[PDB]
């Protein structure tokens, strides 16, 4: 154009939609193993079973579907999305590793009041990295934009993990006996449960904003502490199993804490006793207990209270476990309790 004139398009720099798509594709592709083949659509892949059939005597397909839950609402209010991909991935895959399954594929669905490609880019970055850390291929996904369904700015994240375990290696708790030990691996916080409650506690009743802190938090913001990611126990559990640790049973500690989650893996009539003083409780829990005037018993009935995964094995497995655990810096191993004849899970 001739000199001395306004640029017509000045101030509008709007990147072609295909740019974000391509970046997401690059992140997803980083998750692919040799077993992946071209799938359907932009993000679709398939998965060859050839290697699985060769490496397993009697392979069984193990699957689980899970959402993040109201933690997303906290992420939205904080404008902090970078840990949610990890939250979702862990929420789903910890639920199959309790059986000794090796995760193979992942798919995700994210629904939005309004789909914002920048936010989606961050979720895909996180989910892809989470997958890549444990050797899982992200083979497909879907999005939905439904402002009439969702409250303003809200989202819902759902994911599905698929894994393989040899039939004879399924860890079911059948061999658990009185006198076996309960071990546990620390959580980072609330993980993926109890956020509706926490949000109301802090932001409704207490009147906080997410950038506030409390003495328990040593300057860390409530938002940052709440948004720490759900720990993925896949790698440490497989380190144990690959090194010959004889794991009799496991329980992923989610809503309802020890009492709700442990009984699932116990043979008829057997109990468990968990010593609550044998492990550290994350500051966020102690803080909620104080601010919300919640009784200690309700807290332990409700929340993981610092243990995200339990492992049941004989005492003589502890040395090998603790040796192996040292290298995994995202979680800590404790001996927290024991299997009894009590017919109940109790916290003491």
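Positions refer to the first chain, counted from 1.
Comparing 138-146 with 206-214, the higher mean C-alpha B-factor in the PDB entry belongs to 206-214.
For the pair 254-262 and 156-164, the mean Cα B-factor is higher in 254-262. Taking the deposited Cα B-factors for 314, 289, 42, 310, the highest one is held by 42. Each of 221, 128, 268, 93 has a CA temperature factor in the record; the biggest one is found at 268.
The entry lists a Cα temperature factor for residue 196 that places it in the highest third of the chain's modelled residues. Among all modelled residues in its chain, residue 297 ranks in the highest third by Cα B-factor. For residue 51, the recorded CA temperature factor ranks within the highest third of the chain's modelled residues. The PDB entry assigns residue 242 a C-alpha temperature factor belonging to the highest third of its chain's modelled residues. Looking at the C-alpha B-factors along this chain, the one for residue 64 belongs to the lowest third.
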